[PDB]
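Note: hydrogens, waters and symmetry copies are ignored here, and every other heavy atom, side chains too, is used. Naming convention: chains lettered A, B, ... in sequence-line order (proteins, then strands); numbering from 1 in each chain.
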There are 12 protein chains.
Amino acid sequence: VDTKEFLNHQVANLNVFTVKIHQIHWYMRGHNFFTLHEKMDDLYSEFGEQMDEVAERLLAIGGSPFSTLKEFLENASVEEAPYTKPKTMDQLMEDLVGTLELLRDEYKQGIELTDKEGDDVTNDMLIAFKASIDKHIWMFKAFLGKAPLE
Amino acid sequence: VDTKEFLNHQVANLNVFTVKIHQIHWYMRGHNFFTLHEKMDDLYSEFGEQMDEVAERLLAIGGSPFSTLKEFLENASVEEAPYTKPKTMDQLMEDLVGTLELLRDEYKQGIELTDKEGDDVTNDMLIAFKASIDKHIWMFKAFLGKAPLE
Amino acid sequence: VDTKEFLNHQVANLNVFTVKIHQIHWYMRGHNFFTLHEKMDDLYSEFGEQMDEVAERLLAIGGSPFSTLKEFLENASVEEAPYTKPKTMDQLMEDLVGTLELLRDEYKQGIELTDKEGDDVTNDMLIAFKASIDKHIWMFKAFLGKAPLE
Amino acid sequence: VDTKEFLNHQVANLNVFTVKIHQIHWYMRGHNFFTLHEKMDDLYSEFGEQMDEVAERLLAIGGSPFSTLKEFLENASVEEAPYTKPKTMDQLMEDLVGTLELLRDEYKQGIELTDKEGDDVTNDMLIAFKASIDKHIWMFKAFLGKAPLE
Amino acid sequence: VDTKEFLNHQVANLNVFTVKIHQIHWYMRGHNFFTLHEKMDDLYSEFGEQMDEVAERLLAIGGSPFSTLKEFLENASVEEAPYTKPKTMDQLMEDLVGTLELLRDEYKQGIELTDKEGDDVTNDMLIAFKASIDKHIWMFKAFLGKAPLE
Amino acid sequence: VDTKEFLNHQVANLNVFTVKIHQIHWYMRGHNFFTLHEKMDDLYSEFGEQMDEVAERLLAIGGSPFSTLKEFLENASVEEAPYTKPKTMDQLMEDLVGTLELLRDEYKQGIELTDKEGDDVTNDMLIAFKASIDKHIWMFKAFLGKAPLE
Amino acid sequence: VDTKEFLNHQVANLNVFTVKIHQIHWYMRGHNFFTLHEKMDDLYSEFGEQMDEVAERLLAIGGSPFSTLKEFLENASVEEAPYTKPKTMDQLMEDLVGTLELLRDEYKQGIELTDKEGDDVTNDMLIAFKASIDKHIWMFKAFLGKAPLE
Amino acid sequence: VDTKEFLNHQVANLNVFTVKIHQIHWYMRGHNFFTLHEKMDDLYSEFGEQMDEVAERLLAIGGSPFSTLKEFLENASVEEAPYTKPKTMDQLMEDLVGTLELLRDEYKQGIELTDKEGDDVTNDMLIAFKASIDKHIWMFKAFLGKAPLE
Amino acid sequence: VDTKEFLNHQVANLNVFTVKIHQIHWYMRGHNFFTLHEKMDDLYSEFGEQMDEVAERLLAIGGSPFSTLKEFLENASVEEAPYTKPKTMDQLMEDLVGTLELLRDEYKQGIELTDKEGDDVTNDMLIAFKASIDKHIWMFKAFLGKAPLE
Amino acid sequence: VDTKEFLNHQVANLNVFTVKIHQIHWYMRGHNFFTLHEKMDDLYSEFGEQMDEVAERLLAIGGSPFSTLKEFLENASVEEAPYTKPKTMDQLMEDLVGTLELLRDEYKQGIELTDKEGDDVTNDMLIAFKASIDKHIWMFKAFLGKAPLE
Amino acid sequence: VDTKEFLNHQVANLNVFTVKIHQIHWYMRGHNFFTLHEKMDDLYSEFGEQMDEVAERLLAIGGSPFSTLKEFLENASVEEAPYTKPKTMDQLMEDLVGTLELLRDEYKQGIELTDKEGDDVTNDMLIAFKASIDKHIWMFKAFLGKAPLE
Amino acid sequence: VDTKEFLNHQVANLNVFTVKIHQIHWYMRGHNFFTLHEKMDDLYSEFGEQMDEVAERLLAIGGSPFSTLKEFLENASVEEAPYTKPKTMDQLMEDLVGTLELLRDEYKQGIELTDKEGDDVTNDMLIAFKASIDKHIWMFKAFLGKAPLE
Ligand SMILES: [Fe+3]
Ligand SMILES: [Fe+3]
Ligand SMILES: [Fe+3]
Ligand SMILES: [Fe+3]
Ligand SMILES: [Fe+3]
Ligand SMILES: [Fe+3]
Ligand SMILES: [Fe+3]
Ligand SMILES: [Fe+3]
Ligand SMILES: [Fe+3]
Ligand SMILES: [Fe+3]
Ligand SMILES: [Fe+3]
Ligand SMILES: [Fe+3]
């Protein structure tokens with residue numbers, strides 16, 4: 001792939017992720033409800049901004065962002081699933097953390113690609129998002145009792 | 001129908017509308033770009049909050065909100081379409097207004113349904129979101145040079 | 001009358017009331033000057049906002065608000081009179097209170113009217129305005145040494 | 001039986017509830033201490049404001065609120081009890097929720113009453129308080145690992 | 001004439017202008033709706049403060065402001081007209097600017113008169129209001145495509 | 001007694017006092033209504049804070065605060081009484097002041113006791129609350145036309 | 001006089017006035033205590049700033065402000081007197097008003113003198129302080145039941 | 001002496017100190033102008049508040065604060081002198097610090113006294129103001145190149 | 001050229017661009033006046049800050065920024081021209097966009113250069129500014145009805 | 001000359017002054033660096049606003065402001081010079097003050113000119129700007145150890 | 001010992017405590033991660049402030065605070081240990097609580113120490129920190145499921 | 001070495017630098033006391049945040065930060081020394097700058113290292129810290145009268 005394609009792919013991913021954050025936020029139950037319920041609100045807003053920025057950066061480089069659920073569904077690498085069976089807090093966090101891991105890894109690809117193609121601006125955006133993802137990964141893993149790269 | 005079904009249907013609608021708002025805002029062009037670009041950010045946040053509140057009111061009455069793009073696409077009455085052909089700001093606003101008119105009319109049904117079933121709380125929520133939609137409809141129509149209900 | 005006419009009649013009353021608030025505010029004298037001087041500023045802003053909201057709700061339901069002193073003068077049920085003879089703080093308060101009671105009473109009609117006509121949004125607006133007027137009526141009557149409905 | 005009586009009964013209830021929230025707040029222990037400790041502070045202020053509003057709405061419709069612990073004790077339907085045995089976070093939350101459910105249910109009666117009696121303003125206040133109680137009920141039940149209408 | 005008469009004449013003018021601002025604000029339609037709708041709100045507040053100031057300055061020099069729509073209508077030099085025939089945005093702004101021009105010019109007379117009279121305080125007030133009017137006039141004319149003194 | 005007993009006795013007093021403050025706030029009438037009505041809101045919050053702090057200081061030194069209206073009623077030295085007869089603003093303030101003087105005097109004992117006993121921290125708290133009470137006592141007496149120490 | 005001398009005379013006056021404001025602020029008693037007590041705090045700050053500004057303006061035009069109580073006492077035209085026999089709220093306000101009047105009249109002289117001397121800057125300062133004093137004079141008079149120039 | 005006398009004595013000193021601070025503030029020159037000019041504004045406000053607090057504490061304990069420059073001059077231990085000769089920033093600071101040392105030492109007496117007298121509240125006030133003075137003394141000394149107790 | 005030279009060249013450009021932004025800001029006319037007038041204010045401040053940061057980064061790497069209009073005029077690559085003829089909002093916008101495009105392109109060189117030189121800090125500054133210019137370029141093009149890369 | 005010409009001349013002056021403030025800000029060294037570095041940031045913003053205001057006042061009276069560095073250079077009376085040989089803090093401040101003195105003096109002219117011409121508004125602007133310049137002149141002079149008019 | 005020695009010993013302790021707070025903050029894991037992670041940030045800041053205040057109070061009484069890790073390590077009574085083995089949230093909290101009890105107990109000594117020495121200021125300092133420590137000890141113990149005094 | 005090692009080494013350096021900043025802050029004396037005293041508080045906060053970020057970054061890449069003074073002392077390259085003899089402000093600043101220079105140079109290494117290994121996130125962090133260090137280096141050097149790279 002090329003930058004435009006990489007970027008649009010993230011537009012799709014980010015839209016799926018965001019809905020996933022909402023699912024966790026609405027369905028969670030357990031002693032950590034209060035704290036994690038608010039934390040999801042924070043994630044939602046943060047990833048919603050990554051999303052608009054990625055989309056806007058694409059537009060700025062002459063691209064055209066996907067902009068319908070159908071397109072997002074067709075393009076995303078992030079997986080989603082309806083909430084049927086109830087799920088443990090940890091189960092939900094594990095799904096959150098997994099998606100973060102996916103985004104971290106894809107961003108890594110975009111980062112190197114962008115660097116090789118000499119799109120310095122997109123490169124730096126991706127880096128900054130990664131930085132954050134990494135910190136979240138460390139935090140959600142500690143919540144789950146695990147080491148970050150564990 | 002029933003309140004729970006009504007509300008869930010709106011969670012689906014709201015998620016489609018919200019992406020539609022982003023589409024407009026990303027793709028718009030013309031002399032009204034700056035002002036309308038920002039207006040869409042406002043709409044996005046507002047509808048996004050209506051969405052969270054409808055979902056949370058459903059949860060509170062014992063329901064289970066849809067929570068994946070697939071479910072939203074499967075259940076929404078709001079229509080969406082990929083942005084292929086360039087459209088006019090007015091064309092874009094006309095799409096927005098149409099969707100607002102759809103929501104208005106559906107809420108009106110929810111308003112009576114919820115009334116008929118005696119759920120005073122859900123009833124008042126819908127009324128307050130309706131009040132806002134009506135004001136937006138007046139403003140967007142004025143933007144387009146039209147009377148609100150014309 | 002119908003919703004549109006009721007609302008426009010209130011646009012007229014609200015514009016008269018607002019000027020009346022300024023009158024008291026400018027002409028008042030007595031030991032309570034400071035406090036009441038400030039309270040009127042607050043009433044003025046609140047009533048001015050009800051007024052804009054009533055007019056915008058009208059506009060939203062397809063109406064056309066009166067918008068000239070002459071029309072307000074011609075349609076208001078609220079009475080006004082030039083300040084000639086000096087008047088006491090209590091006399092001023094009594095005028096204020098009476099106007100409040102008129103608004104209350106008229107709002108109550110609009111409330112029945114809109115309930116019967118099914119305009120849930122306007123119904124709620126008026127109810128919220130009434131809620132406030134009732135509270136002011138209690139407070140100004142208490143200032144005057146009276147019971148609210150007494 | 002009547003709105004005034006209904007309202008005053010809630011002034012009593014609200015006073016008992018508020019002290020119960022402090023009890024929880026003071027005596028809780030457990031891993032959820034920090035979070036729930038602060039959440040109680042928020043409940044305390046919120047119910048304290050409901051209380052002042054109900055009492056002020058009462059005064060405004062010509063009533064006279066109870067205003068001594070003795071009166072509150074004599075009229076409350078909300079139950080209280082000295083903290084002797086050390087209870088569980090969950091036990092404390094279960095008392096809190098139980099009380100919320102009681103308020104919910106009684107407000108529902110008041111809604112209905114006020115509705116039959118024509119007091120639109122009091123009707124709307126109660127509805128809004130209900131909306132909030134319902135949300136809390138959803139949240140505290142999630143905390144306890146239960147569904148709201150559990 | 002005299003300062004007192006001048007000032008009171010402005011209280012009348014200011015009140016008619018303020019209502020005229022609301023008319024434009026309520027009835028405007030066209031692509032500039034968003035922006036101008038908000039700009040009128042700003043004008044409304046500004047002129048409403050000039051109004052209270054003028055009236056309070058009059059009161060301070062021992063005068064008695066007019067304080068009824070009737071008085072305002074009887075003394076205003078500013079003209080008003082019911083909105084019957086739907087007007088262009090430009091037509092509305094042209095009415096605004098014309099009124100601004102009228103206030104400018106009358107203030108100029110009050111500055112002279114006040115000057116001659118030796119009421120330094122009133123003189124400075126009027127100057128400061130004129131400074132603002134002049135800036136508006138430049139802005140609204142630019143909006144209309146014209147030079148300020150054009 | 002002992003610090004712990006002293007402290008819990010204040011929790012009881014503080015709870016009665018706070019309800020008394022609401023009584024005054026609700027039932028007051030007269031020309032000083034607006035000002036005193038808000039002053040009471042301030043007293044309510046302040047004393048409400050002294051109360052949580054005394055209780056928490058108790059908890060911190062190993063004590064167990066009373067936490068039910070029944071307990072408060074059984075232990076308070078502050079007196080309360082249903083509002084039956086209409087009373088004077090001065091009468092109300094005189095009740096307020098009398099209660100402040102009681103608290104002042106009891107804290108004085110606590111301040112003494114507490115120092116006997118070596119509890120520096122509790123000593124300092126009480127001193128700071130006293131400082132405040134003393135100031136209120138000066139102001140309310142001035143309001144009443146009296147010197148502070150009567 | 002001469003601008004420098006005039007300004008330094010006001011540094012003196014302003015210092016006396018400011019302490020007078022504290023006197024009233026400290027010794028007042030009566031039903032208007034809360035309100036006037038706070039108003040005096042407001043006056044104190046304002047006049048304290050006029051003071052600093054006058055002194056700094058003098059410094060800026062090459063002068064040297066008085067800067068000791070002794071110099072203030074020796075130069076002030078504003079009169080002060082120890083509080084021995086108690087006074088009424090009205091008596092205190094009357095003293096306040098009288099001093100305001102004195103400052104108004106002296107500023108008027110400085111306004112002329114500063115004008116005669118071409119010190120446009122000092123001229124404008126004085127006018128702005130005069131505007132405020134005039135307003136205060138109207139308000140305190142209204143508090144006293146009098147017309148401003150009465 | 002007695003607490004009342006001690007307190008009043010400080011009202012006098014504080015008033016002379018405050019003017020002194022202005023003096024330094026107005027007349028200073030040198031490279032440290034901007035910084036010290038602003039620091040004096042801070043000291044002015046701070047001591048001004050100590051002053052009002054001392055006075056009000058006096059009032060609260062049944063005293064009567066001095067409240068005229070004449071009284072202040074008559075009772076102060078703090079020394080003042082017109083600014084004739086050019087002084088140094090260091091000279092000015094040295095005067096400031098000296099005055100600070102005086103207040104510190106006198107508070108120390110007020111402190112022992114209040115202790116002995118059992119006026120816990122006054123005692124604590126003084127200790128807090130002392131704390132602040134001590135810090136200032138440390139900082140101004142450091143500015144001057146000296147150790148604090150140097 | 002080298003980092004220092006590149007930076008200094010940008011201090012000159014930035015200074016010319018900033019005055020160009022004020023020219024547009026002052027001279028524009030047309031229906032988009034209010035909105036573009038304000039947007040120019042935003043650009044002015046933003047570019048103004050890039051400028052001070054570029055200058056300060058130069059100073060930090062041991063350079064010496066140009067600091068007179070003469071030097072700016074002598075070194076700038078950005079073109080300026082007196083406003084003689086009345087241009088269209090579009091013409092003005094086009095001039096703005098073309099300058100943005102020039103800055104974009106030159107920053108790109110500096111990015112590369114700063115890179116070849118291994119000045120990581122400067123490299124990142126430039127990238128960040130570029131990111132913003134790119135966004136601006138997208139927005140003003142959209143305003144003009146064009147795609148970003150033309 | 002005439003108002004327009006005077007104003008435009010100031011546009012040119014103000015533009016040179018603003019760049020000179022940056023030069024000082026950038027090149028300054030010495031113990032006063034932190035404080036003066038920040039003061040210049042304040043001067044830069046202030047004068048930059050005077051500049052925009054002068055320009056907009058010109059536009060408002062029918063003028064056309066210079067708007068290119070070339071025109072600024074061709075019309076300014078304020079002198080600039082490239083920084084080659086280092087210069088003391090004092091030398092820098094001396095340059096600053098000299099320029100302030102020039103603006104002070106020219107404004108004085110404009111002040112009288114505009115008075116001659118009857119442009120009250122422009123006249124008041126200039127006066128207010130002059131008031132600020134005078135105070136700065138006092139402060140910078142004090143910093144340099146001199147009297148304001150020395 | 002003496003107050004200066006006592007204080008300095010606290011400087012060392014406070015610095016060790018602070019680092020330990022970070023250790024906990026960085027290494028914690030488990031479901032309470034979010035909440036405790038933030039809580040540690042708060043303690044870090046609070047204790048860091050006590051630290052500077054103790055140091056500055058020492059400097060103010062003529063002392064010389066330790067100011068190097070070496071000194072802190074040499075003087076502290078608080079114990080620290082590298083995080084090797086994996087610890088429980090509870091274990092971590094237990095370590096925190098233990099250190100808090102140590103500080104509490106040492107402050108108690110400093111309280112008596114400064115009291116016999118008659119340093120009222122230092123005495124009050126310590127008291128206020130103690131107050132806070134005691135509250136924290138209650139909270140962390142409840143978190144651990146324990147009563148405060150163990 | 002490797003990123004982990006590098007980062008941990010900075011954790012150690014940052015903690016030593018932070019304590020050094022407090023030393024300077026506490027011990028400085030001279031005319032610049034006020035300004036630099038505050039500047040160090042700024043540096044202390046800044047560096048304390050760099051420190052927490054570095055540590056969290058480490059943790060996030062799977063590392064384990066040093067977390068005891070002992071470890072810091074053992075690993076830091078930043079030197080520290082007890083304050084025995086009085087030193088000049090300049091001497092203090094020179095120690096500060098030297099440390100800044102050290103961190104700058106070490107970060108440059110980290111920058112290189114982090115890049116060879118391609119840890120883009122850590123690389124950008126270091127770059128951003130460097131940017132700030134460089135600026136501080138330019139400013140403290142100017143303060144010392146030197147050029148940044150000397
Ligand atoms: Fe966006
Ligand atoms: Fe939510
Ligand atoms: Fe509006
Ligand atoms: Fe209330
Ligand atoms: Fe007013
Ligand atoms: Fe609490
Ligand atoms: Fe000052
Ligand atoms: Fe006071
Ligand atoms: Fe700068
Ligand atoms: Fe502008
Ligand atoms: Fe400090
Ligand atoms: Fe952290």
Side-chain angles (χ1 to χ4, degrees), chain G residues 1-16 18-19 48-76 122, chain H residues 12-48 51 69-70 72-74 76-103 136 140 143-144, chain J residues 134-135 137-150, chain L residues 31:
Chain G
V1 207
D2 107 321
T3 302
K4 291 200 201 168
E5 266 63 294
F6 173 86
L7 260 21
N8 220 3
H9 182 246
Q10 304 305 338
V11 169
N13 279 346
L14 257 9
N15 275 280
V16 177
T18 222
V19 174
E49 289 180 355
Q50 275 190 23
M51 202 268 288
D52 199 60
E53 288 190 36
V54 163
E56 292 173 4
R57 177 54 186 164
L58 179 54
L59 227 29
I61 60 179
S64 303
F66 296 128
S67 65
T68 53
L69 288 65
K70 178 170 177 289
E71 293 165 285
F72 302 146
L73 271 182
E74 301 178 340
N75 304 79
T122 310
Chain H
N13 282 337
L14 259 6
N15 276 280
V16 176
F17 186 35
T18 221
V19 174
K20 182 185 288 288
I21 290 166
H22 260 341
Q23 171 170 287
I24 290 167
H25 170 70
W26 287 332
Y27 282 106
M28 64 177 45
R29 292 188 184 167
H31 297 239
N32 309 102
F33 180 80
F34 292 103
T35 163
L36 262 19
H37 182 66
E38 301 162 11
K39 198 76 205 297
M40 293 307 103
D41 268 343
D42 298 338
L43 248 50
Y44 184 87
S45 301
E46 171 174 14
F47 288 91
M51 200 278 281
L69 287 60
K70 181 167 176 289
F72 303 148
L73 273 183
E74 300 178 341
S77 47
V78 169
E79 286 303 347
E80 60 162 23
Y83 186 93
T84 48
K85 173 232 315 183
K87 265 135 60 185
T88 271
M89 192 61 96
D90 280 15
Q91 301 182 224
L92 293 176
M93 293 307 98
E94 284 162 344
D95 186 6
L96 205 220
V97 165
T99 301
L100 289 167
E101 285 173 328
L102 177 161
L103 292 168
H136 283 306
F140 283 92
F143 165 80
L144 283 175
Chain J
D134 287 338
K135 183 188 174 74
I137 281 169
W138 150 63
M139 304 185 294
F140 284 96
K141 286 224 156 183
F143 167 77
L144 289 169
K146 299 296 168 192
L149 304 186
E150 232 67 310
Chain L
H31 291 239

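Contact between H:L92 and H:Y83 at its shortest, heavy atoms only, is CD2-CE1, 4.4 Å. Heavy-atom minimum distance, G:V1 versus G:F6: CG1-N, 4.0 Å. Of all the heavy atoms in G:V16 and G:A76, the pair that sits closest is CG2-CB, 3.5 Å. Of all heavy-atom pairs between H:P82 and G:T68, the closest is N-CG2, 3.5 Å. Residues G:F66 and G:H9 approach most closely at CE1-N, 4.3 Å, considering heavy atoms. When every heavy atom of G:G62 is checked against every heavy atom of G:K4, the shortest pair comes out as O-NZ, 3.8 Å.
Here the OG1 atom belonging to H:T18 is positioned 11.5 Å from the NE2 atom belonging to H:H25, to the nearest 0.5 angstrom. The CG atom of J:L149 lies 7.5 Å from the NZ atom of J:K141; values are rounded to the nearest 0.5 Å. The OG1 atom of G:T122 lies 9.0 Å from the CG atom of G:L58; values are rounded to the nearest 0.5 Å. To the nearest 0.5 Å, atom CD of residue G:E53 and atom CG of residue G:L7 are 11.0 Å apart. For the atom pair J:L144 CG and H:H31 NE2, the distance stands at 6.5 Å (nearest 0.5 Å). Rounded to the nearest 0.5 Å, atoms CZ (H:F47) and CG (H:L100) are 5.5 Å apart.
Under the 30°/60° scheme for interplanar angles, the aromatic rings of H:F140 and H:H136 are found to be tilted. Below 30°, between 30° and 60°, or above 60°: for H:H37 and J:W138 the angle between ring planes is above 60°, a perpendicular geometry.
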Decide side chain to side chain donor-acceptor pair (under 3.5 Å) for G:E5 and G:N8; before the verdict, give the C-alpha distance in whole Å, the side-chain angles of both, and the deciding distance to 0.1 Å.
CA-CA 5 Å; G:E5 266 63 294; G:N8 220 3; 6.0 Å; no
Report the C-alpha separation of H:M93 and H:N32 in whole Å, then their side-chain angles, then the decisive distance to 0.1 Å, and conclude whether the side-chain contact (heavy atoms from CB on, under 4.5 Å) test is met.
CA-CA 11 Å; H:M93 293 307 98; H:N32 309 102; over 6 Å; no
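Annotation: side chain of H:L43 is in contact with side chain of H:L96 (closest heavy-atom distance under 4.5 Å). With a 4.5 Å cut-off on side-chain heavy atoms, H:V97 and H:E94 do not count as touching. Between H:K20 and H:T99 the shortest side-chain heavy-atom distance falls below 4.5 Å. Looking at heavy atoms from C-beta onward, H:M51 lies out of side-chain contact with H:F17 at the 4.5 angstrom threshold. Counting heavy atoms from C-beta outward, H:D95 and H:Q91 have side chains that stay 4.5 Å or more apart. Counting heavy atoms from C-beta outward, H:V19 and H:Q23 have side chains that stay 4.5 Å or more apart. Residues H:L69 and H:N15 form no side-chain contact, since every pair of their non-hydrogen atoms from C-beta on lies 4.5 Å or further apart. You'll find the side chain of H:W26 reaches within 4.5 Å of the side chain of G:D52, heavy atoms only.
A donor-acceptor pair under 3.5 Å is absent between the side-chain atoms of J:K135 and the main chain of G:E56, judged by distance alone. A donor-acceptor distance shorter than 3.5 angstrom exists from the side chain of G:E71 to the backbone of G:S67, with no hydrogens or angles considered.
Salt-bridge check for G:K70 with H:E80: failed, with every basic side-chain N at 4.0 Å or more from each acidic carboxylate O.
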